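In what follows, every chain begins at residue 1, and chains take the letters A, B, ... in the order their sequences are listed. When reading the values below, keep in mind they use all heavy atoms of this one structure, side chains included, and skip hydrogens, waters and symmetry mates.
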Amino acid sequence: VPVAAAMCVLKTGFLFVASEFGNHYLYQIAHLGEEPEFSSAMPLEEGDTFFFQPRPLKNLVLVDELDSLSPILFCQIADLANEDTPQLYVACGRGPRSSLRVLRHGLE
Amino acid sequence: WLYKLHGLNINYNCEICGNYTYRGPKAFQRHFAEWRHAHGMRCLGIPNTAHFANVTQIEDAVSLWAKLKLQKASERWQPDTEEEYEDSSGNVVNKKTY
Amino acid sequence: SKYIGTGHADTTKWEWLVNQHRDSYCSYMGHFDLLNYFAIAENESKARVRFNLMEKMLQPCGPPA
Amino acid sequence: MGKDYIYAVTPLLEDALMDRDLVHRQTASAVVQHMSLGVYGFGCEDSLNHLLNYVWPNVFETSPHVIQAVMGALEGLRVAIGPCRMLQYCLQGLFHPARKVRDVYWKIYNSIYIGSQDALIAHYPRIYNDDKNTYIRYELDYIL
Amino acid sequence: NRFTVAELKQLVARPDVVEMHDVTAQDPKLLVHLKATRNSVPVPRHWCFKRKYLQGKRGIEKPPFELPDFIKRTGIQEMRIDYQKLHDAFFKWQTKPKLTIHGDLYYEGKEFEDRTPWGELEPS
Amino acid sequence: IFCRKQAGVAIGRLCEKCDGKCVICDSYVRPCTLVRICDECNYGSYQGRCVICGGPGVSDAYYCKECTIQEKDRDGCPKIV
Amino acid sequence: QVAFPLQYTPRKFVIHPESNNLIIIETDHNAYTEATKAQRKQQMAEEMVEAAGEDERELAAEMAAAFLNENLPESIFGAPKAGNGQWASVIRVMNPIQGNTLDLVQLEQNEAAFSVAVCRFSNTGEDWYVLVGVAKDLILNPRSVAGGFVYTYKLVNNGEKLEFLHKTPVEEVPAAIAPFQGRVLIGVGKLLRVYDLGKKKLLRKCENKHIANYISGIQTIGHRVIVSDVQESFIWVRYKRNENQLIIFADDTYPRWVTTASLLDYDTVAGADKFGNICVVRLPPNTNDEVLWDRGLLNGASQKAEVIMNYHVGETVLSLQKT
RNA sequence: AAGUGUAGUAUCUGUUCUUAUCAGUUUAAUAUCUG
RNA sequence: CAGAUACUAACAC
Ligand SMILES: [Zn+2]
Ligand SMILES: [Zn+2]
Ligand SMILES: [Zn+2]
């Protein structure tokens, strides 16, 4: 999942993931874990390491995403859309979770 | 007691001032901005700024002066050489060349 | 005198700057936004930025003179 | 309420600070301190800064009552005009050749440091690197 | 093992800031660097003077304290009642004096030595 | 000389003569932050005694507004000893 | 909010006036460009085969072929961390109405875009040019750089495409670019320069060497230029046309670690700093902008701006706008 | 006839020291102290 | 170094 400032497991079987930057996530914990299980008891050579394959979500199901603007790095208030009410053009995120986000006063 | 108080027991020397001996801490400090030091300054072709206050020795004043000159020259803007022009086809030239 | 950070007539350059650097890194660890700034600039995880700052606390200016 | 009356009394305090008599200077310093502590967060930095110009020359005073009053004024002024100013006044005397200057300056610096350690981080001047020592705070020079 | 003044003057970016006593510091190179900083204030000139601060200010007759004009025009200078005028002096007529800039310290001899602004208040 | 140890849950007191006074600076003006004292200063025979002078203590001691503004309330136990 | 994905951390953008397209510069440290990521992956696949000597080479070739085709999304799995001093950077032109990329320029590995401008030049009149300021091989801590470049593109097809024109080398990071009187100001480390367009390179026509430290930003009104120093806050510079000179005429009396600046009026600047503060600095009335014996005041300019507003916001502010 | 004590400053009064030629203790420097 | 005088600390009684 995205890099987390904090993770919290709810007794109801959800994982909240407060992202370091960008949106936060609530995942339902669908399963508690064929995947190889590593151990301190396994013999391992000097300078060697255990290896695993990353893949798409398997124990977690995304249920909610909390739209967050952190970090805002560059903002520009302008009416680029001709709506007679300027929109806030914000360059948010960090790394590959960066975005340009257009903000407009009102309900979706 | 006043002789020792005014520091007149000490006796500083200034070459730029033609090896004059002021005989006082305060005397010395005032002299750099007075007539004899300034004459030596004129004789050596150095302006008598705060840079040269407390400098007594000719080779020092001369070398420090040279350093200051270069510094100021490299701190300034020289459009005669530091402006860029194109003669034709994007060939970059000086202001004098253009 | 008792307060760590205070100086006196015999404080060296090195001692004073090591104070400034240890005090700066603590400020960085506390001010979440200043930490945000550094993490984004370095393209690095906050946890690693904090860890790197803690590592730097040991000898922030190189060895004493 | 002092904000309303600070400008009116500023010339009088300036006159007392300029006075040869130590007690005028000592008493004016006490005024300064109290008025600075009362006008904190209400502008009026300009008057307090101007008065700091008159008060600061008295840091070399040896009389116990006068020095205590001057120190008290400085502590008050640290809150009112900010630790940044106080640091700016103390910088040149911290590594001054004379021990007497250094003793006073470190005493004032220590009061600012204990009072405003966190604030000072922003105000510390750039110290260039030595051959064997790194003194530049690189992170603060990062551009985003 | 100290630098000469001559030597220190060449080792630094701003020679004019170097004084005669600087070479006798623990760290003269740091001292001169600190003196060169933007907005730093000099040490009071009298640190090395034998006479104590302001103690040579003697032998000169000076007039009594000049009241600010708004207080002067209240007329109390002539009285030694009109409480509305007494209020107006501080709350209408009060004008800021010639306040000194940051870092310009006092010493014995000093005494005798579209253009429209944004976010301005509307007129009352 | 102030004790300057870690302030506890115990509350500082003032005798009748020393009442109204800020402990740190003797001002009678604007009492603000309630004084806290270290346990050892509150202990046994010292229970309820005056922070300034060790008298019977009848009122709650305070730091004044100026001392509060300056964070002088934070230095630790201000019992003069 | 509507969200339009980007590839790297966006440092700045500007709006093309005649089409409302956004020219966005995005830049990450510790990052591979697409080209470098491809090359690294190719050699990893080759090395993965070369690791095998026996008939295991058939399996190794299958694993290598699989690995070359696996494409875990960076937005989910994280972008791969290149080492210290490694940069990836792009210049993107996106339509703000729906976030389609109209054009995408990828810069070379270890080039980091730090500034961008859109402007006309008076010598050519009508054409629009995007100038992007780039650092080469910048090392953050300790700070060191292999110089920089200003890339010039003309912006064409009604604001939709970046036609590369020329790349101009500079001695230090061109950290700020500001269109100015039909030319452009560029803050190259501590140096403030006026550049004209030329043909083969941008041409330096004026310079000032007296800014204290690294220039973090530039703003202008009329003949006035407001320079953000990284630490020494605001310096007011006047350009003089006939003399062809940039003169410092005022500065602040406090260090501020400026992050952003907005001009409020002809005499007033709002600043933000790295320490979560906003301030407003104003030139006092009858400040004169028409300007070894000179020393200035307190080792700075002869005239001082006055802080008319200070406020600790609590969070680091990277943008300010009067609107 | 509104007195005395504690802690600390300031200002007149009456004392404020001829040395060669160097070293040391010192100090920002001088002076001081010791050869 | 002594005497005289003036003063400071909402000093104390
Ligand atoms: Zn001379
Ligand atoms: Zn009591
Ligand atoms: Zn108090």
*Asks:* Give a yes/no on whether any side-chain N or O of E:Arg58 is located under 4.0 angstrom from OP1 or OP2 of H:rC12.
*Replies:* yes

*Asks:* Applying salt bridge (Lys or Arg N to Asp or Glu O under 4.0 Å), which residue pairs with at least one partner in residues 16-41 of chain D are found, sequence neighbours left out?
*Replies:* D:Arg25-D:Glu61

*Asks:* If you only use heavy atoms from C-beta on, which nucleotide in H:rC17, H:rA28, I:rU8 is closest to the side chain of E:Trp47?
*Replies:*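 Within the option list, the nearest is H:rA28.
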
*Asks:* Quick one: which of I:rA9, H:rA29, I:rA10 gets closest to the side chain of E:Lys50?
*Replies:* H:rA29

*Asks:* What's D:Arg20 touching, base or sugar-phosphate or nothing? Going by heavy atoms closer than 4.0 Å.
*Replies:* nothing

*Asks:* Tell me what D:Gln68 touches on the nucleic acid: a base, only sugar-phosphate, or nothing, going by heavy atoms under 4.0 Å.
*Replies:*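 Result for D:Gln68 = nothing.
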
*Asks:* For H:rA10 and D:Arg25 - does any side-chain N or O of the residue sit under 4.0 Å from the phosphate oxygens OP1/OP2?
*Replies:* no

*Asks:* Below the 4.0 Å mark, does H:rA10 have OP1 or OP2 next to a side-chain nitrogen or oxygen of E:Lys52?
*Replies:*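 So the side chain of E:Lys52 is outside the cut-off, no N or O lying under 4.0 Å from OP1 or OP2 of H:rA10.
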
*Asks:* Output yes when at least one side-chain N/O atom of B:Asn9 is less than 4.0 Å from OP1 or OP2 of H:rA31, else no.
*Replies:* yes

*Asks:* Provide the full list of salt bridge (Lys or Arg N to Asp or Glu O under 4.0 Å) pairs with a residue in residues 26-40 of chain D, sequence neighbours left out, each pair given once.
*Replies:* none

*Asks:* Base, sugar-phosphate or nothing for B:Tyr12? Non-hydrogen atoms, less than 4.0 Å.
*Replies:*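 Sugar-phosphate contact only - B:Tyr12 comes under 4.0 Å of backbone atoms but never of a base.
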
*Asks:* Classify the ring geometry between E:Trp47 and D:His96 as parallel (under 30°), tilted (30 to 60°) or perpendicular (over 60°).
*Replies:* perpendicular

*Asks:* Here, do the bases of I:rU5 and I:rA6 lie with ring centres under 5.5 Å and ring planes under 30 degrees of each other?
*Replies:* yes

